[PDB]
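Q:
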Amino acid sequence: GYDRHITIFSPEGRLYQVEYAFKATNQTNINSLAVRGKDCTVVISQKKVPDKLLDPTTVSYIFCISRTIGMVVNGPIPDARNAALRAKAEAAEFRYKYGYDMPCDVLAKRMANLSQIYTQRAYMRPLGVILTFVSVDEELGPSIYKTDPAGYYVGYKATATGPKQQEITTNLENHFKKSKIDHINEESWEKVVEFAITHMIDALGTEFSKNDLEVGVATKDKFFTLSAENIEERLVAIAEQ
Amino acid sequence: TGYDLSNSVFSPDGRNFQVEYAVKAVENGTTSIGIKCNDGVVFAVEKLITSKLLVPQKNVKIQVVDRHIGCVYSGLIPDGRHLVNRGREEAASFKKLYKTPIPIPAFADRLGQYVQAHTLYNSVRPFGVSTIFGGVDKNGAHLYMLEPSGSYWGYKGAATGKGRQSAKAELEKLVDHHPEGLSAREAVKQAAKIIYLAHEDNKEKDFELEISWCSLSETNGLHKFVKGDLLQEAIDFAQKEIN
Amino acid sequence: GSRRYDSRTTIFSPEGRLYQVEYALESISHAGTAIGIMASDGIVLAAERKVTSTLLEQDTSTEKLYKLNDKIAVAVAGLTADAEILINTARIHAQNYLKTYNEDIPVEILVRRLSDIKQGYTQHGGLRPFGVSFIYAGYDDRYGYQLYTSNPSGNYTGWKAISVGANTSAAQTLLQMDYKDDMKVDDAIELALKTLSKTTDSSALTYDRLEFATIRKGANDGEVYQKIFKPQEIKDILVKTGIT
Amino acid sequence: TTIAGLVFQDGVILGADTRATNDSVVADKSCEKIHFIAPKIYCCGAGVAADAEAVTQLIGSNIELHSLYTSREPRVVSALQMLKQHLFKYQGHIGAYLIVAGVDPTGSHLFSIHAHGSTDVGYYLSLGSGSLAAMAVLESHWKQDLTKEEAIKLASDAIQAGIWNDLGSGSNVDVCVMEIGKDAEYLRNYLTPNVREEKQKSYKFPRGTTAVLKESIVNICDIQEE
Amino acid sequence: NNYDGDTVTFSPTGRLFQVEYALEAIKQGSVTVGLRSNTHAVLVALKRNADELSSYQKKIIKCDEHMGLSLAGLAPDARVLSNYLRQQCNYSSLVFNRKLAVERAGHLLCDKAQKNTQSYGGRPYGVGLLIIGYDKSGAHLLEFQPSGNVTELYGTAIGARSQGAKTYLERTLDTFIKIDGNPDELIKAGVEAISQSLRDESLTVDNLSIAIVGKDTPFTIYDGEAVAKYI
Amino acid sequence: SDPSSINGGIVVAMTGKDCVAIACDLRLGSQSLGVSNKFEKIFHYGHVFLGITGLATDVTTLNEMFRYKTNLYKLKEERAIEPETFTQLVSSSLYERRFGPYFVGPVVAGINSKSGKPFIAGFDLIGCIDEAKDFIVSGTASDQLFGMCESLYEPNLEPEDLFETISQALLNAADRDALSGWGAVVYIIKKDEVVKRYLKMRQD
Amino acid sequence: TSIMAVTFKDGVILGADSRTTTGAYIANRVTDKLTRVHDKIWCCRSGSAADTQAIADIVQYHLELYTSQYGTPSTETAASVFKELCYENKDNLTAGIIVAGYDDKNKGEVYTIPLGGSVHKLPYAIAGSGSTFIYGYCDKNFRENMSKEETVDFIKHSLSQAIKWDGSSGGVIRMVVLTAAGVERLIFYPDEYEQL
Amino acid sequence: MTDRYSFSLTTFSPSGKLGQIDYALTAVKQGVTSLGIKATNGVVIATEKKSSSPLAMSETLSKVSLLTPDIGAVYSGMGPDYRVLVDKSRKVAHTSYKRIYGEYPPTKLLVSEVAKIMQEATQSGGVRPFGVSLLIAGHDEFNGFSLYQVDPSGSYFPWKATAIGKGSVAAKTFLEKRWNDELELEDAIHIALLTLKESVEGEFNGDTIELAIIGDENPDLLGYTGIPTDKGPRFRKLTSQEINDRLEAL
Ligand SMILES: *[C@@H](CS(C)(=O)=O)[C@H](Cc1ccc(CN)cc1)NC(=O)[C@@H](NC(=O)[C@H](CC(C)C)NC(=O)[C@@H](Cc1ccccc1)N=[N+]=[N-])[C@@H](C)O
Ligand SMILES: [Cl-]
Ligand SMILES: [Mg+2]
Ligand SMILES: [Mg+2]
Ligand SMILES: [Mg+2]
Ligand SMILES: [Mg+2]
């Protein structure tokens, strides 16, 4: 049964190492969510600092890939950082060669093609991560594109990733069935972050303090992460209505 | 089964068993710790005196990278040395190109990516060390701990090896009892105590204490070994606390 | 390391056989039958297509008979994709020879080259061999009309008539029975089709199932013509010989 | 060679003469010096003709593959960056001097590229042996917010200045207009001011004038067949 | 068991079996002793013969004028590692006009051995080394294991029955460390130490191999009638 | 020293009404020494004709190279190459030796078998294409040929008239060049017949 | 070319003419020689335009990749990357670059990198063909900790003289102001600066 | 940090089977249905947009890809493997053909190059075969319209009409009854939509179906005017609205 150890086909036409890499994705037990506003793209992710000895400021699964592109990872941190460093290198090389900022969807495709190579070439293992790329693209507007260990990628109106992704997904599905639009009809990103947090609270059934969340926001010409105090301001506004 | 025979193979769980087996080599090794203080970091390590024939103060375990970073590790000692050698190359090329000495977070990812790369192929073995390292850069003090998987985080206190649970419990008390922070000279004393307390797990053979530190005020942000009177003061403090 | 997953494609069995060559030959025994017959005034190449579907576009289709140069053609039995890799190499070797010596490549030299490439895959590199057997039909001014075959081992041999692929045992007995040395192309055409008609696993032999070709020194003014038969022309020769 | 490019209200325009030379002899009286890169990106070429042609074709090919890969309209800055990095690599040994212009989602753009890999940004540019004749016209008459009708007039005038006053330049005027929100219109032989006058005599010979030693039919067909 | 096919594989308890099997080749090797004072450092080696017609396999190799080692295990691997040491000692002299520190020599051997334990295809070195030297910080004795572990010591022994000599040195520690400016008495203590590891056989003239380095003493090897004095 | 004028020679090509003509001299020399009076410079690959002037070793090498490439083209495409496509193949092949070029002046001539359109083209030694309606010239007497063609030529000449025009263009140009002449060949090309004629000219 | 960078109280200002010549022909009379390698790290280019553009493009790439990993680079770091390219490829380059940048910690800094690939940290720097004519003027009139208006006048007067005497220099005087407040572009036309 | 897999991972078994190719074909069988039909004046290729989530924007995932202006491709099997093949196919059309001959390759030769890439993954060291079957429809001047299938082995066959993937056996039978040599392009699109409805479970509309044609030249889609010889791409992807119009006359 060596068809389960390397990336070759099983008799069923399956790649077991790819399937097991998908399982490694949930090893962190962290749930992420991404939504789009009018002018922005918001990504939120659970933050869990179990050890008191840890420096909580260094515990993060959100990465600033370029000025415009942000990336949240669902999976172990070594593979997450492997993917982050590569995406940063690719985004920089793109800008140098072609004279404009790498689009979110093109980076996603590039990383997905790299992921595909690990599913076809035996000596390289798949990375056990799901990469969710976010930006406000200058042509396509607010953008969410997600990559997995299979090398699959697609654009999203909104998305969720983690152990409890299905609960978050259906919550978001039901909202967009009502509104009948592809985005959160909201002017400020602050209110789009409030929406994202609110709908994660409803979906997961858990309350959040400032240290339990981690937020990334993409606007036109920059992506940034919120501090604990910026999130606290968000949590106060949710509670007050 | 057979998923644990080759490195870089995912088990049906989503685990790399060879990396988990490297962790066992780390757990088998001597105790080493790191303490983040107000303006720096302190490193300490347990050195088992196998025999009277070992020359005291000679078999030095703690290693310097560049001039501002200290590294200590538990597990397979040669694997640790290999990682520090790489760390030194990474710190040299960073300084060569960018002039400034390598920041600690930047240095941490250099080791992180290198260790992680040794979980990507069956043609290499994972590292059999957990490495506690850190120092002072332009943004202040930083302490890190890096595992065989490539995983690393920033720490207030860190501990690894055979006496890690004992040490971790002692570090957790210091964090609770000193929220405003710990001084560099205090951290040296506490480091000595923690290694002495963690020695109950390796209690058969007697041991030799080794401490180092980087501190903005006490060492000008350079890595130095604790020697002579300051070392003996820490040993006396540690000996007093166990009795 | 990687050693664990290595099949070791280039080793001897205890009996002194090359495992992968033998298993490649087993693959080839299931492929559609190809027959080559050499006459005094030409060579016939006949071959049976494997995938009968009514929706297959036959007139633009080529799975069996390929042209290497103006003087040399091949009939394929085995993996078509593998054969095309080798065919393009053979096409290049012919043009390298023509560029170097300003003469068309002798048939045997082309055959030996391809056969040597196949041999290499059995002795080094750790790769699987090519799952292909060729029938080479060709002409040159030294030996005249020549038929050869090569197989995955890289061994090649010359023939007056020969089959490869499926039912070669049965096919070779029938050819050995009805072949004669003074035979002509028109007679060899009839023999080739009659042999396929008896050895075929199908219910009946039809035009949509066949690829057919002739190399004749019966062109205008003593030249050599390669004719790859069109579907309608295969249908006509089937009526002429009295099979349909 | 006289090539020029200038910007107008909602677009960019390129101009070029149609003469190719070998030292003092005219090899081609109607050659196309406005090269195609993408549907809405064009490149005026000067210097070594094979080099200008080859470098635009190569970058045009890579721009097409990039456009397919990214699912986007190609940008002029991409063509610019790729051209300059290629030319820089070869240290001027690829003697191509180019004016690149086009429209993309960013807007309309106009650049020049020198053989060693330096690039300029401009509202009006000219290259080749007729550049000074053209630039004199552009410096005299160019203004901001030109209409398309004024821009075509000015571009063709700039090229004409080169045609008449520069020996390296001649024959016809090619133009390419790239306007925002519209298909680029390529206007080969936009002006034809140099048609040859009717000859005084016909030099058609009486048949049998040339002495012949042998005749034969050439077999061009495949296989004369039975 | 299943995890000993190559050096690249950890066992479930975090062990490298190929390294441990290389370690076993040292235990099968003939005994050699190392010890030092503040002024001198001594190697004593029991050489092994194939039979009575054969020569006794040489155990001691010179690396520089101020450094050398004794071996126990695979002699060809000692030749590779000693050649590497010779080159590193030589590089230090040619480039920096500097005699290589004995501590730094150990670090280089450690790192060279380590590379063979982490990569596929290679094998660990099948030999243990005792390096003695005299450098700018006085006399030194090192013990090299092919796991990579190098250890600075006052005295030690490696090879078969080495535990007998190692215990003797552990008792004698306070005496032999003080043997300063007296090479013959330091060798006597090494010869008496290696005698504790003997069974059946005793120290003959072509059996025993001694080497010494010190303050005003280059690394020199004594064999044959030169060691009859100490029997 | 100048490779393009060691061996000498010329090629000219012209279009006519439903026809093309290509012609060349027969000289091969070593500077002043005449060596061969049978060195033809026009080759054909199916119905596409290629004339090549310049360094004779490269003339031979390129002929062998384009025979090679058009043979493989035909095997893969299952049809003969057309003049427009072959022109691009010549250009590609020359430009790939940009910094160590073949010292030649190629000339393509032929009729597109599908459209019936007469086609001629010329190139420099690194592959720049000159596609002409009227005529193409090449070789050591290219200046002389430009002068002859530019005055003698008129469009839409019938095959037998075009023969006279191209022949007189070649002969009179060759007679003003020391390194050209020693015989000449003219190919008259129509859609499905090609006539080849050897001309009588002065042998100095 | 006449280019300069001048540190002052609030930060640093880069200044340049706009003339690019091919011999005696002015190929571009409105060139922008002040080029951005990072938000608040800019450089002035002199020498081969191809070489300085190629270098600046590589530096911008390196600092973009630095920022993704390690946050905002220092001006010293930018100068080091410029130096590394210039020094290691000194046999194939003709580049004279002035690097100028604003940190909040270090405030305004200026580094000059002449032909050899050496680095020199200075209070102000001048370079390009037209700089020879203003060494005297700049040395006499430069003061440390000038105001923004004084530094703009110092650069305007300096480059006005460089332009006046150097044929290779001319056109408009472009400037780029680097402070905590942000990035300000200034332009000054012939009719303004010639009458100074 | 070495690639030590220099040996074939696809080998002959005792029965003569190449296991990995057979298993790749099994993966293709599990994949969503796609089909191709050739008319007299065009070719149509079609497939279902099987959306993995309703939050996903299925417009961004293109199963039907332009390879050249006159050639298009569709697949069944593993989507990532297809995506990288399209990237390589587009590139090889330039490097091994357009940069040499100054024109796009004919359908059969581009197919031959794709086939070659797939064959190499079936014999080279340390790789598995591609887990896709492609349908490649195209036009060129001398061969006219054509439709090719390409399998994981590297083998390719020309078809009048065919289907691959999930419901291919049923779909091929449906096409055998309906296909004739006098079909216009509109008739072939109509038959393609009828055939594809049988294999689709859920919604059946322009948003869940992807359909493209190789037909007449589209000078409107070219993007520029002024060259009479360049008349525009024959490849055209039908819009969501254009599909829905034909579903009313169904
Ligand atoms: C004008 C350029 S100028 C006089 O420098 O301003 C035109 C520009 C141009 C650009 C593109 C095209 C067509 N795509 C045509 C014209 N350039 C020239 O006319 C150049 N001419 C050539 O390069 C000629 C072209 C042949 C076809 C006549 N080639 C040569 O003169 C040399 C080229 C060559 C150069 C270096 C090494 C080898 C050869 N050859 N020969 N033989 C410009 C050079 O005049
Ligand atoms: Cl890619
Ligand atoms: Mg793999
Ligand atoms: Mg003459
Ligand atoms: Mg003469
Ligand atoms: Mg001036």
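Protein chains in written order, with the working numbering: chain E, 21 to 261; chain U, 145 to 387; chain Z, -12 to 231; chain P, 3 to 228; chain X, 48 to 278; chain A, 4 to 207; chain L, 9 to 204; chain V, 47 to 296.
Where a beta carbon is used, it is the ideal one built from N, C-alpha and C, also for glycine.
So, does the region 231 to 250 of chain E touch the region 64 to 84 of chain E, judging by three or more C-beta pairs under 8 angstroms?
A: By the Cβ criterion, the region 231 to 250 of chain E is in contact with the region 64 to 84 of chain E, since at least three pairs of Cβ atoms, one from each stretch, lie closer than 8 angstroms.
Q: Which chain P residues sit within Cβ distance under 7 angstroms of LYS144(V)?
A: Residues of chain P whose Cβ lies closer than 7 angstroms to the Cβ of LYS144(V) are, in chain order, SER63.
Q: Kindly give me the distance between the Cβ atoms of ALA153(P) and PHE38(P), rounded to whole angstroms, as I take these residues to be in contact under 8 angstroms.
A: Contact doesn't hold; Cβ gap of about 20 angstroms is too wide.
Q: Take the Cβ of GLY21(E) as the centre, count every other Cβ of all protein chains shown within 10 Å, and call the residue buried at 16 or more, exposed below.
A: exposed
Q: Per DSSP, what kind of secondary structure is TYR197(L) in: helix, strand or coil?
A: coil
Q: Determine the direct distance from the alpha carbon of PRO171(X) to that of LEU65(A), and round the result to whole angstroms.
A: 59 angstroms
Q: Closest to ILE230(Z) by CA distance: which of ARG196(Z), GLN213(Z), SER184(Z), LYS217(Z) is it?
A: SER184(Z)
Q: Measure the C-alpha to C-alpha separation of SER102(Z) and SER137(Z) and round it to an integer number of angstroms.
A: 6 angstroms
Q: Measuring only from the beta carbon, is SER137(L) closer than 7 angstroms to any heavy atom that is part of ligand 6?
A: no
Q: Determine contact between the region 150 to 162 of chain A and the region 51 to 63 of chain A, defined as no fewer than three beta-carbon pairs at a distance below 8 angstroms.
A: no
Q: Taking 8 angstroms as the limit between beta carbons, can you name the residues of its chain near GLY325(U), skipping five residues before and five after?
A: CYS181, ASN182
Q: My guess is that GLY32(A) and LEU182(A) are in contact by the Cβ rule of under 8 angstroms, so how many angstroms apart are they, rounded?
A: The Cβ separation is near 6 angstroms, so the contact holds.
Q: Is the Cβ of residue 229(P) closer than 8 angstroms to any Cβ of chain E?
A: It is not possible to answer for residue 229(P), since the shown part of chain P is limited to 3 through 228.
Q: Listed in chain order, which residues are found with a beta carbon closer than 6 angstroms to a heavy atom of ligand 4?
A: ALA177(A), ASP178(A), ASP180(A), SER183(A), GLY184(A)
Q: Have a look at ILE45(A), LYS79(A), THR168(A), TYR76(A) and flag the residue whose alpha-carbon is nearest the alpha-carbon of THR63(A).
A: Distances from the alpha-carbon of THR63(A) to those of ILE45(A), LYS79(A), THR168(A), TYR76(A) put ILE45(A) closest.
Q: Does the beta carbon of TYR212(Z) come closer than 8 angstroms to any beta carbon on chain B?
A: Structure shown: chain B not included; protein chains present are E, U, Z, P, X, A, L and V.
Q: Check whether the region 4 to 22 of chain A and the region 125 to 134 of chain X are in contact - that is, three or more C-beta pairs closer than 8 angstroms.
A: The region 4 to 22 of chain A vs the region 125 to 134 of chain X: no contact.
Q: May I ask you to report which of helix, strand or coil DSSP gives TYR132(Z)?
A: strand
Q: In whole angstroms, what is the alpha-carbon distance linking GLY172(P) and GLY164(P)?
A: 7 angstroms
Q: Around ligand 6, which residues pass a check of Cβ closer than 5 angstroms to any of its heavy atoms?
A: Any heavy atom of ligand 6 counts here; residues with a Cβ closer than 5 angstroms to one of them, in chain order, are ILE171(L), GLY178(L).
Q: Run through the region 141 to 215 of chain E for me and flag every whole alpha helix (DSSP H) of 4 or more residues, listed as ranges in chain order.
A: As far as the region 141 to 215 of chain E is concerned, its whole alpha helix (DSSP H) runs of at least 4 residues are 185 to 199.
Q: Quick check: is the beta carbon of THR48(V) nearer than 8 angstroms to any beta carbon in chain U?
A: Under the 8 angstroms criterion on CB atoms, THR48(V) is classed as interfacial with respect to chain U.
Q: Within 8 angstroms of any Cβ in chain U, is that where the Cβ of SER(-11)(Z) sits?
A: yes
Q: Would you mind telling me which residues of chain V sit closer than 9 angstroms to residue 265(E), beta carbon to beta carbon, in chain order?
A: An answer regarding residue 265(E) cannot be provided, because it is not within the stretch 21 to 261 covered by chain E.
Q: Please check if any C-beta of chain V sits within less than 8 angstroms of the C-beta of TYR265(U).
A: For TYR265(U), a Cβ of chain V is located within less than 8 angstroms of the residue's own Cβ.
Q: Quick check on the DSSP output: the alpha helix (DSSP H) that includes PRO222(U) runs from which residue to which?
A: Here the alpha helix (DSSP H) through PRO222(U) covers 221 to 242.
Q: Excluding five sequence neighbours on each side, which residues of the same chain lie with their C-beta closer than 6 angstroms to the C-beta of residue 216(A)?
A: Outside the modelled stretch of chain A, which goes from 4 to 207, sits residue 216(A), for which no answer is possible.
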